[PDB]
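**Student:** okay, structure incoming, though there's no sequence with it:
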Ligand SMILES: O=C(O)CNC(=O)C(=O)O
Ligand SMILES: [Mg+2]
Ligand code: NI
Ligand SMILES: [Zn+2]
């Protein structure tokens, strides 16, 4: 079995290997990359996502989210308070202000220590989940707006044609902006490209051990667990590496820098934080190997998780028994 310790693997495809996206994902899996839940892909030196980032400041962040924490430094939830719209140029200036800027630090490890010590005492503002793309239309390789769609994959594998669309999302971050522990909708893959700016630190639990994380989360967030049998779908709970190590939960960590891709694999729980002002683009995707994970994915039916239009068909076809209850949670 390849990668039996479930380490995060880093890949350096050549420009020739960068042509066929599906083939390269299957290659990484042949080497055991999925066992970690997360892999890093460094693009060939010849590749670029676009020519420059000099003209992005007029993108609108219609609903910036202030991420307010509750709990203790290693075990907390966050809720998102909606703020007034602002442009990317306004948000960049805000991120670089004295109130929100990255503190002085020695290295990524020092900054990670400062994040876990101090995150709860601040409320950073995240420009998350903005439909759109920063890939140039002429970029033909690993262009996250030109991937094969999940609907087309389901149709190729299963023969059933379904409604729905699959487009990318932009994330504008600042110091301490946080992504809570989650797997993707329907336990899909994700791919994330860090277009510019400061790094993003990731934590990940191997898919084979995801239920260990879930059991810890039920213990640590007991009211949330009574409310919902899949409350991590709410995407609000944080657990630090120190707490994970104290409870014996297997995980790994890695820092993504600008110009790098990350892939999360089906049922790979992940969480993390941004180091300073940055912009990332991410999208969900599927492969043949996903189908079995989609059929087994948990679902939130309490009403909290509320998701896209396109998840309807995935539930309806892959999980017909759950469909009626889940749809009630959507309505
Ligand atoms: O970058 C973020 O805030 C969160 N991204 C992801 O969870 C992802 O790409 O799957
Ligand atoms: Mg602009
Ligand atoms: Ni994710
Ligand atoms: Zn729920």
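**Tutor:** Ah, there it is. Residues are numbered from 1 along each chain as shown. Ligands and ions are numbered 1, 2, ... in the order given.

**Student:** list the contacts of the spatially closest residue to residue 88 that is not a sequence neighbour.
**Tutor:** Excluding its sequence neighbours, the residue lying closest to residue 88 (CB to CB, 6 or more residues apart in numbering) is residue 59, at 4.4 Å. For the C-beta atoms, the positions are set from N, CA and C on the backbone; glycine is no exception. Each residue near residue 59 by CB atoms under 8 Å, 6 or more residues apart in numbering is listed here: 87-88, 130, 132, 170.

**Student:** are any of the residues you listed buried, and which?
**Tutor:** Among these, those scoring as buried are 88, 130, 170 (criterion: 16 or more other CB atoms under 10 Å).

**Student:** would you list those residues in JSON lines and tack on distance to ligand 1 and secondary structure?
**Tutor:** As requested, the buried ones among the contacts of residue 59 are exported to JSON lines (distance: CB to the nearest ligand atom, whole Å; DSSP: H, G, I helix; E, B strand; the rest coil):
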{"residue": "88", "distance to ligand 1": "16", "secondary structure": "helix"}
{"residue": "130", "distance to ligand 1": "11", "secondary structure": "strand"}
{"residue": "170", "distance to ligand 1": "10", "secondary structure": "strand"}
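
**Student:** of these, which is the nearest to residue 284?
**Tutor:** Within these, the smallest distance to residue 284 is 14.4 Å, found for residue 170 (CB to CB).

**Student:** right, and the closest one touches residue 132 too?
**Tutor:** Yes - if you go by CB atoms under 8 Å, residue 170 and residue 132 touch, sitting 5.3 Å apart.

**Student:** gap between the single nearest residue of the stretch 51-200 of the chain relative to ligand 2 and residue 88?
**Tutor:** Distance from ligand 2 to each residue of the stretch 51-200 of the chain (CB to the ion) is smallest for residue 58, at 3.1 Å. According to CB to CB, to the nearest Å, residue 58 stands 7 Å off from residue 88.

**Student:** over to residue 80?
**Tutor:** Counting by CB to CB, the gap from residue 80 to residue 88 is 19 Å.

**Student:** how about residue 26?
**Tutor:** 36 Å.

**Student:** grab the nearest non-local neighbour of residue 74.
**Tutor:** residue 240 is the one closest to residue 74 (CB to CB, 6+ apart), at 3.7 Å.

**Student:** show me what contacts that neighbour?
**Tutor:** 73-75, 116.

**Student:** with those residues in mind, which one is nearest to residue 22?
**Tutor:** Closest to residue 22, out of all of the contacts of residue 240 and judged by CB to CB, is residue 116, at 37.3 Å.

**Student:** check the secondary structure at that closest one for me.
**Tutor:** helix (DSSP: H, G, I helix; E, B strand; the rest coil).

**Student:** surely it and residue 73 touch.
**Tutor:** Yes - assessed by CB under 8 Å, residue 116 is found in contact with residue 73 at 6.4 Å.

**Student:** the residue of the stretch 201-331 of the chain found nearest ligand 1: how many residues sit nearby?
**Tutor:** Closest residue of the stretch 201-331 of the chain to ligand 1, CB to the nearest ligand atom: residue 282 (3.6 Å). Per other CB atoms under 10 Å, the neighbour tally for residue 282 reads 20.
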